[PDB]
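Here it is, the structure in full.
Labels run A, B, C, D, E and F following the written order; every chain starts at residue 1.
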Amino acid sequence: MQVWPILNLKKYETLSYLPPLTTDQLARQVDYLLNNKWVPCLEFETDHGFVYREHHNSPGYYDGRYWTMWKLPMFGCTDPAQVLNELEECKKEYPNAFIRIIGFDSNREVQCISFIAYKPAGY
Amino acid sequence: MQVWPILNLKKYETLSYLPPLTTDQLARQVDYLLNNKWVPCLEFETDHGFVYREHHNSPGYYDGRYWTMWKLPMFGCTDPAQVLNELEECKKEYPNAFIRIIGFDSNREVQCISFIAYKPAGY
Amino acid sequence: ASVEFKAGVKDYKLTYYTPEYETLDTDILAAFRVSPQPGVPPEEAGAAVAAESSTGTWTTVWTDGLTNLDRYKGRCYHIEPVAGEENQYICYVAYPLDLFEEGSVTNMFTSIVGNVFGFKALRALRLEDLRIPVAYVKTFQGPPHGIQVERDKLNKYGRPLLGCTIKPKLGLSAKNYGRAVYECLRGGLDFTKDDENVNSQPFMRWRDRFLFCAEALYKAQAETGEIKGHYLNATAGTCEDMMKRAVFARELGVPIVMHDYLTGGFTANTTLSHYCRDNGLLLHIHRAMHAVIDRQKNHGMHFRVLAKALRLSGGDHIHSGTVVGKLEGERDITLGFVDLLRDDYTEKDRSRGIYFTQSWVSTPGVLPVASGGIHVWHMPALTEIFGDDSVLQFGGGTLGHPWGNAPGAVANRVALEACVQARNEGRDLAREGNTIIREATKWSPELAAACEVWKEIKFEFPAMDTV
Amino acid sequence: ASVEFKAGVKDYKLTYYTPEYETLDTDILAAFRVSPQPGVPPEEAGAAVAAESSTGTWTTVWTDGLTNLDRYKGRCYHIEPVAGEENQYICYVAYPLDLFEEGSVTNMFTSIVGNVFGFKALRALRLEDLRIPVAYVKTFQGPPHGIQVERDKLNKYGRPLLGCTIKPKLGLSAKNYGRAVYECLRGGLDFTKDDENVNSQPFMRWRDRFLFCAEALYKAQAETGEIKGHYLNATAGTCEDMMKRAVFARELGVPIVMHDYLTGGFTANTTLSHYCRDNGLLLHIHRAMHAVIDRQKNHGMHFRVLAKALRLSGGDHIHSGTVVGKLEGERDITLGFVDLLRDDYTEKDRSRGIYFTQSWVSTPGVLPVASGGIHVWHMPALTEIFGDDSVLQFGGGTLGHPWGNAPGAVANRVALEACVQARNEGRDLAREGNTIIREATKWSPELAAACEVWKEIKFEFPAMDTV
Amino acid sequence: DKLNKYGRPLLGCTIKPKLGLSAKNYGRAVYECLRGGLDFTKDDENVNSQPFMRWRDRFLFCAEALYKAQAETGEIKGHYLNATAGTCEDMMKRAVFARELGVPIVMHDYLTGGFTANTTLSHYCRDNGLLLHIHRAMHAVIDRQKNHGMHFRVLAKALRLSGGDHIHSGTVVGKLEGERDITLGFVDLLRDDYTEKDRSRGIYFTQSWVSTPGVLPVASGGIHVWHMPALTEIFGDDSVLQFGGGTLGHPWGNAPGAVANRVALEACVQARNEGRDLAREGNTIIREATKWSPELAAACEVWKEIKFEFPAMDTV
Amino acid sequence: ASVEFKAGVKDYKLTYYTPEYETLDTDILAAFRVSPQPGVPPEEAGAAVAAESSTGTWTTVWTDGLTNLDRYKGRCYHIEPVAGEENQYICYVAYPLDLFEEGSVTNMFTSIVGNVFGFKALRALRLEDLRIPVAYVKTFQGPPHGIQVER
């Protein structure tokens, strides 16, 4: 019987309960994104890693769901390496920021993929 | 006339005003738990050792009433020693956490014992 | 078939004394101590009580023929003479379930107790016990929260809960009223109390007291780190005013409010209890006026009848007597009705006052509250008599300490916890209670102070209501 | 101004027995009949009763210094030995005005009778009378309408009004309740009424009853040309339900509703009285459960107090007993609380039970209602005891008649008008009453038939609470 | 979007035992389940307001619990508070307090509650930003048999119209009856704008929804971690998977039992994204994840040979 | 008195088949016509109906130790075979009163009749009669006026 840790066990939605992603594994997800013809975008947040409710308590309302967009969504991106190169660029400009990769489906107008690409130190 | 202290006088419910418990005194308590046929269980918290109100102000609502559960209530336990070793295992893994021993009554479904059994340093 | 109408008075016993009757499980059952006037047969007296509390009157009415009276009539199914008494009897009356309005303790008392005690033919009448059938019990909401949910909401386990009642009873300003609550609560007392007579008055208006009491209880809770309450009195002259006070306490987020159900009346209490259920508020019940009804053996209603009614009407706490304090308390009688308030099932025990077996079909329990002339020396006896599921209230005990409230609270908290430890470790509280108190004085500066002020104080007067 | 704090248990007589004190006109005064436990001085008993009903606790509290206790403390100012009784004294207590919430009968009883009646130190306690100061009387609205407006609203002058309780008490159907009301009212009765325990029940729900009683009432009014009323019970387990019944009666446009103010409670009764004044609805008050409190001389609370409490809370009618009927009422004591209900000023009279002089500063009178085991032979005596301002209610008396309700109603109306006529011509109803009844049987067969049935029926027993 | 959960099926638990728990133990159970990685917990369909647990107490305790777990996980958590009741008034009082609590999701049983109360509640949830989870209880009284009754696809289209954000769809592989091709058909009716007629899947008519939002299919009932590759492959990412016995039956407790189901699902999502076939590699994908996850490794040992295989009463 | 928690599936019949049980007057009784699938014993099917209508699920859960399941469990107290039928039986299930919400037919049906009818192990299920206790009857208002008042 092993007790699940209660401290510093912050999580990051999809794949965060899995072992940390290798660079090859991160590329695999970006390929699953591109093969599904979903638009890749990069999103980074420094101030608030996780959700909070400062401004309102209304059902469905939370703060911190929105993050800052890196550049623009890469429409027409046929190459996985652009997403990878953009990640390294986002990392170098914002080393202390969480960064995550999101996939846009135009037909359902919902993100189909979101996973954390980079975590700053202490995380 | 003596003035009761203001600061660092946080308390821990039942037996907290009493002088600090000898290992013999703690064992006599869990012996009282087991002889009443209540089921022992152990609870730990690090971040919020005292009650607070964050999410609601409604009557009867408070935060920090819920602590984390160490393993599972020891159903079928007749041995105080097993309870006592279980406290030790919790402490080694959670030295900075408050830890309490509680006892469950199935007939009334109410905890029939709660007492602090370990405190982090400074407390 | 039908029988002809014949106008005139007939003896009650002809239709309302039914020794052959086998009580239905749905019937409400009533245990009456009956003292007939001279010349009245015991059977006629018991049948008169059952008649004029159910369907009968003094002369024969034709309209009886439109209904099936035998179906609806209250019946005296047993007469038992009282020990060591002449011309006093115990008469058992069974009332059919249809006579009673669902959910109304008001209606139940109106029928069972409304006119019978005034009858010229009876020297005296007392209602000792009521057996409420489970099917009637289900129609009431009961305590808003009850024993289990209240402990869970306050996160307080393993000991009796502790309170003090602010004194002087009347005359304190709102600011001073609050200053008292904080000082009391920081010393370790779980609850502070508005006095039962404290509503809204020229010396202290209710909203100011509600507000100031709120600040004090929260400040004390932050210092202690233990959840704290102060019972705010919603007892008022009108329902509108009663509600107004209940809504404000809901705005403040405080946990507990109180009502005097007898002086406020059952109708108002049920209404409040329904509001507390809906807004998460604990409801503490004070039994003011009960002694006008329940002190005397020969006449009145026993408190076990009124305690039952409050469990049905609704309350999370109800004052139970101390046995050892200033107001009257009989250990064996009290021990019976503390179980009737607390448990689901109680066997008839004539030695403990219970005339019928009563079952609550999981109606929540009421927390018994002990208050009135009790000090730290009383703590071992109290903890044994009432057990863990009780609330102990030391108004004079807390505010009578020479060092102050916060010390006076520590003394009672140290006393109870030391008593609780002993019982857990196997010491007998009755035998060693004073020795347990005496050890605590050696390590506790506050508890020592308390102990010398009240060592000699004891209330030992002969009791007026014995089983 | 300030004296030291010493923690300790003092005699209450040190602070709360003040035989020199002069009662202020704003004070509430109380006469308690105090029976101390053997070995308690009478002065300590008086002081204890004054202290724990005002500002006192068992041991000395430091907060007492924060307020000006002498301004707020209840005071035992006169102790009088009750002749013929050892260890019984009449203890007069005064209470400062500021102790009371404005307009709350609830609050007043809570202080005066809340906890004191159960103190071990006293064998028994009884509150015999209260002097309520005019300045507090002015804070209550009082009766919604009162004697003058109700005679004016109904166009009824020059005689006691006439009522009838529908029997069987329980178990009639709504439709049969209405057919009963119509026949009773078409025979010359002014009012019919729901029994006190008739609320809403599985055999008859209220909205059906109200609806049927409305039709019957109006049919009776058209045939007679005389205004008619049926008291509809609004008593209920909650105030929401109480209002729901009151609201529908207003929609029905009926004249009068009824409440059981002890079993429903003073809080809900005050609510209902204010709705009645707001909607022009008459309030008839049933005194159900008073005899649990007031039957006995040694213990409890005399009806005088509860009758004054009602005048403040509010009711246009209140049952007063019959003297001659099946329920206990002593003529001389009944005459006293009748004038307390009906008149603007009543000077103190120990011979009639009145311990204090009471003024009502134009608070309207309450119409006293005599009900229970009275028949046509009682009519001369009833007219004499109660005068023109009363309501005479015959339940068994109407429905027990052999020809039916409508003949039974004619007997009672006829009996009454013959008594009024003879009284007005100068005859002594006491001496001549039977001659007047007999005279009227010569031209009224309805009365002749009622008289043969009840000719021997008397209620004559030894009393339990005489002066 | 409101919950900020993308890329995978959502995970739920049904608190057990079905009836009998106190309000406080309901909340300890909710907190332990939610902190292990489950997105949602839920009131069982029969849990309304009862002598053993009154709703307002439940709502409050469950609210404190989901906020504790959400604070420590960094992830939005939800508990379906049951609004089902005897009258619309009682139903509203329950939905009203949920809103005061600011919680994300409430639930109704629309067939035992009825369509009139359900459309009332649906309209309240839209007005107040509340998600509505619909339990299809009593349906099988109507739709189990081929000769008599209504098929659940009629009742499913009725719920999409009445209004619901979730509807129970069946597990196919679990303890309750569902045929894979039929369940695939009414799921398309629940999620998409257009479904062509497919007699092989029980679709007798072409149906268009004219941009009415889709409903999330919910799979619940006797499923465990070995069923996870099959559920993920059947239902796709737009679904909710609910493990009651799967979480609470775990031998280490609810938090470990939650971690097992969250680990298992994400290992399937990764494998599927890498191109592996969940139907063919399901056992190896769970098994490979057991080497690094002890919680997953414990649950597997307990529910290894547990399957639900029986003749179906209604096949195409 | 506690029993140790053991994780894993057990048969329904061990906990929820009680031929010995004597029904209380507070209990709700239900008469189910049960058609088990081939290879399913009648006792298992009757006990499965009770379990999944009241307090049971497919596998053992630890939370059962906090409550008194025996006070709250529904029980198959009797099983009688149907005339002229094979693998069809009349199963009698007793549900305690506390399981049900006062005044709510919705709750009564959600427990008794909510999920059992879809179970795979069952070919068919019918609910024939309900014995509603009088204590539960009293919680309901019933007809607004009824036959007498209507006439």
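Keep this in mind: a residue touches a chain if its C-beta (ideal position, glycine included) is under 8 Å from a C-beta of that chain, and two chains touch if they have at least 3 such contacts.
Engineer: Where are there more C-beta contacts: A-E or B-F?
Structural biologist: Taking the two pairs in turn, the one with more contacts turns out to be A-E.
Engineer: Please find which chain has its CA centre nearest to the centre of all protein CA atoms in view.
Structural biologist: C
Engineer: In angstrom, rounded to a whole number, how far apart do the mean CA points of chain C and chain E lie?
Structural biologist: Taking the mean C-alpha position of each chain, the two centres sit 47 Å apart.
Engineer: Could you put a whole-Å number on the gap between the CA centroids of chain C and chain D?
Structural biologist: Each chain's C-alpha centroid was found; their separation is 27 Å.
Engineer: Centroid from C-alpha atoms only, then distance chain A to chain D, rounded to Å. What do you get?
Structural biologist: Centres of chain A and chain D (C-alpha means) sit 79 Å apart.
Engineer: Using mean C-alpha positions as chain centres, tell me how far chain D is from chain F in Å, no decimals.
Structural biologist: 55
Engineer: Using the touch rule from the top of the page, what residues of chain E touch 2 or more other chains?
Structural biologist: Chain E, residues with two or more chain partners: 21-22, 25, 35, 51-52, 60, 72, 102, 251-253, 255.
Engineer: Would you mind listing the residues of chain A that make contact with two or more other chains?
Structural biologist: Residues 1, 3, 6-7, 53, 57 of chain A touch two or more partner chains.
Engineer: Using the contact rule from the top, write out all pairs of chains that touch.
Structural biologist: A-B, A-E, B-C, B-E, B-F, C-D, C-E, C-F, D-F, E-F
Engineer: Taking the touch rule as given, give the residues of chain C at its contact with chain F in the complex, in rising order.
Structural biologist: Touching chain F from chain C are residues 25-26, 97, 102, 134-139, 361-362.
Engineer: List the residues on chain E that touch chain B in their complex, please.
Structural biologist: These residues of chain E touch chain B: 21-22, 25, 27-28, 31-32, 35, 52, 60, 63-65, 67-68, 72, 100-102, 252-253, 255.
Engineer: Under the touch definition given earlier, write down the residues of chain E that touch chain A in their complex.
Structural biologist: Within the complex, chain E touches chain A at residues 1-2, 4-8, 35-37, 70, 72-76, 98-99, 102-104, 128-131, 237, 251-253, 255-256, 259, 262-263, 266-267, 269-270, 273-275, 289, 292, 294-295.
Engineer: Mind pulling up the chain A residues that touch chain E in the complex?
Structural biologist: The touching residues are 1-4, 6-7, 9-15, 17-19, 25, 28-29, 32, 49-51, 53, 57-62, 65, 102-103, 110-115.
Engineer: Mind pulling up the chain F residues that touch chain B in the complex?
Structural biologist: 1-5, 62, 65-68
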